[PDB]
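**Student:** For now just these chains, pulled out of the complex without moving them:
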Amino acid sequence: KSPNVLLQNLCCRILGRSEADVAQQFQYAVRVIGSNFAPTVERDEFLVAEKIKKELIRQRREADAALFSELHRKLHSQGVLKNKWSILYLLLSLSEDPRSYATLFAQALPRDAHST
């Protein structure tokens, strides 16, 4: 749909409450999401796959890091997805271990050496 009503669909999905309950959160969400609708950094899905690999090594599951390569194959096999970078970066941002230094290793280029 249109993105502005889709934000409202989000705020009804995650909360068990309707929009009539609390509207401070939706205002603060508008403050966050607005002016961030365009990736101003490089969108290489290759780096994002190699970050899930580092993440699954950090959780000590090498079998999961090696099935991840077959699942990363399946995206290539269909190829119907448009930004492969965004959805895997989103699922990586909400990473969780079912059971330190992370900014020191690889991140996407800032574009301060290019016109944004």
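**Tutor:** Yes, it's here. Residues are numbered from 1 along each chain as shown, chains lettered A, B, ... in the order given.
**Student:** Now residue A:54. Nearest residue, chain neighbours left out?
**Tutor:** residue A:105 (7.2 Å; C-beta to C-beta, 6 or more residues apart in numbering). From N, CA and C alone the C-beta is placed, and that goes for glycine too.
**Student:** neighbours around the one you found, how many?
**Tutor:** 8 (other C-beta atoms under 10 Å).
**Student:** how close does it get to residue A:38?
**Tutor:** 25 Å (C-beta to C-beta, to the nearest Å).
**Student:** for residue A:12, same thing?
**Tutor:** 26 Å.
**Student:** Looking at these two, which is more packed in?
**Tutor:** residue A:12 (11 against 6).
**Student:** May I ask you to confirm that that one is in contact with residue A:21?
**Tutor:** No - counting by C-beta atoms under 8 Å, residue A:12 does not reach residue A:21; the two are 10.2 Å apart.
**Student:** tell me the contacts of residue A:60?
**Tutor:** With contacts taken as C-beta atoms under 8 Å, 6 or more residues apart in numbering, residue A:60 has no neighbouring residues.
**Student:** Kindly provide the distance from it to residue A:4.
**Tutor:** In terms of C-beta to C-beta, residue A:60 sits 43 Å off from residue A:4.
**Student:** and stretch A:80-94, which residues are buried?
**Tutor:** Of all the residues in stretch A:80-94, those buried under the rule 16 or more other C-beta atoms under 10 Å are A:84-85, A:88-89.
**Student:** and then chain B:
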Amino acid sequence: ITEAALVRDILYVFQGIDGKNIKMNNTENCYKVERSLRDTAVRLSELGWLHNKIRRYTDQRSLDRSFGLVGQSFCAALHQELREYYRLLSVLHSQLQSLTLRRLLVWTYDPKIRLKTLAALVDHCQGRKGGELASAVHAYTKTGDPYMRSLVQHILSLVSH
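**Tutor:** Alright, chain B goes in next:
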């Protein structure tokens, strides 16, 4: 000639099989090409050169009962580790149906060390049986690296059964 054919050839020399325009030449040296790009290939084929020694050894000694039950339990672990190496290769096969990823150096760099440790391990465990064989696996767990210590102790649990 284009690089994408060479990528297909390189994806077979990891197993220990000649490619098509890259083939094995001089057994105790690496694969030889039939300016920078030509020099890159010799470094990627060394993983398969390491693979040859482990694979030819756990092929032959698995059928031996003159090498004992211990030695065969070592062969189980060696072959079990070789399968896990071919999984990646199958993925890389299907993922292409001109591109390099530094000709897959970033993929190969972590299995390269998992091959080098085994390349030492097959020769320290050569021509031994039983507890004498067990002591030869016992030597390499005196390491500070967590990657190596995680590698050897899996084999050691199987050999001492």
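**Student:** Could you re-examine the contacts of residue A:60 with chain B now present?
**Tutor:** When contacts are counted by C-beta atoms under 8 Å, 6 or more residues apart in numbering or on different chains, residue A:60 touches no other residue.
**Student:** element containing the nearest residue to residue B:82 once chain neighbours are set aside?
**Tutor:** Leaving aside its sequence neighbours, residue B:82 sits nearest to residue B:55 (C-beta to C-beta, 6 or more residues apart in numbering or on different chains; 6.2 Å). Following DSSP states H and E, one finds residue B:55 within helix B:46-60.
**Student:** For that helix, name the packing helices and strands.
**Tutor:** Applying 3 or more C-beta pairs under 8 Å, 6 or more residues apart in numbering or on different chains; DSSP states H and E, we find helix B:46-60 packed against helix B:69-94, helix B:105-124.
**Student:** who in chain A is up against chain B?
**Tutor:** A:46, A:50, A:66, A:69-70, A:72-73, A:76-77 (C-beta under 8 Å from any C-beta of the partner chain).
**Student:** Among the residues you listed, name the buried ones.
**Tutor:** A:69, A:72 (16 or more other C-beta atoms under 10 Å in any protein chain shown).
**Student:** from the residues of chain A next to chain B, which two are the most distant?
**Tutor:** A:50 and A:77 (19.5 Å; C-beta to C-beta).
**Student:** And the residue of chain B at minimum distance from chain A, how close does it get to residue B:136?
**Tutor:** Residue of chain B nearest chain A, by C-beta to the nearest C-beta: residue B:91 (4.4 Å). Using C-beta to C-beta, residue B:91 is found at 34 Å from residue B:136.
**Student:** one more, chain C:
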Amino acid sequence: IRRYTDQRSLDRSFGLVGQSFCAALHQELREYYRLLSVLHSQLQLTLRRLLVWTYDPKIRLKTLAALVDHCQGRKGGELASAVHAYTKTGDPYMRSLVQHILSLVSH
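**Tutor:** Placing chain C onto the earlier chains gives this:
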């Protein structure tokens, strides 16, 4: 500004407060690669032969070429007796550039 930094990072007598000043003058060398990097990218840029782009810096550089002579001749905590001379200067430019560098230096 790069000559001064080229010599002070080799001095162990300039200090670990001189090697924190000179390492807050390494960021001011990197900022000199954050300036023209994009003037170079838009080449295939003319804006009155790029005379606007020598008038936001050439004042950065002017502030940081005064400390490259005034604090050239000091070593150790006697130099942090004279970076406090540029947060009292009247140019509100220089006061706010050094109010940030002295924050890194006073760690």
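**Student:** thinking again about what came up before, show me which residues of the helix holding residue B:55 are buried.
**Tutor:** Residues B:46-51, B:54-55, B:57-58 are the ones in helix B:46-60 that count as buried (16+ other C-beta under 10 Å).
**Student:** which among the residues you listed gets closest to residue B:115?
**Tutor:** residue B:50 (4.2 Å).
**Student:** Identify the residue nearest the geometric centre of the chain.
**Tutor:** Just going to use chain A. Taking C-alpha atoms, centre = their mean, the centroid of chain A lies closest to residue A:90, which sits 1.3 Å from it.
**Student:** wrong one, chain B
**Tutor:** So for chain B, C-alpha atoms, centre = their mean, it's residue B:51, sitting 2.9 Å from the centre.
**Student:** thinking that residue is in contact with residue B:16, fair?
**Tutor:** Yes - look at residue B:51 against residue B:16 with C-beta under 8 Å: they come within range, at 5.2 Å.
**Student:** And the residue of chain A found nearest chain B, how close does it get to residue A:63?
**Tutor:** Closest residue of chain A to chain B, C-beta to the nearest C-beta: residue A:69 (4.4 Å). Residue A:69 sits 11 Å away from residue A:63, going by C-beta to C-beta.
**Student:** Enumerate every residue touching the residue of chain A found nearest chain C.
**Tutor:** For chain A and chain C, the shortest gap (C-beta to the nearest C-beta) falls at residue A:113, measuring 4.1 Å. When contacts are counted by C-beta under 8 Å, 6+ apart, residue A:113 touches C:34, C:37-38, C:41.
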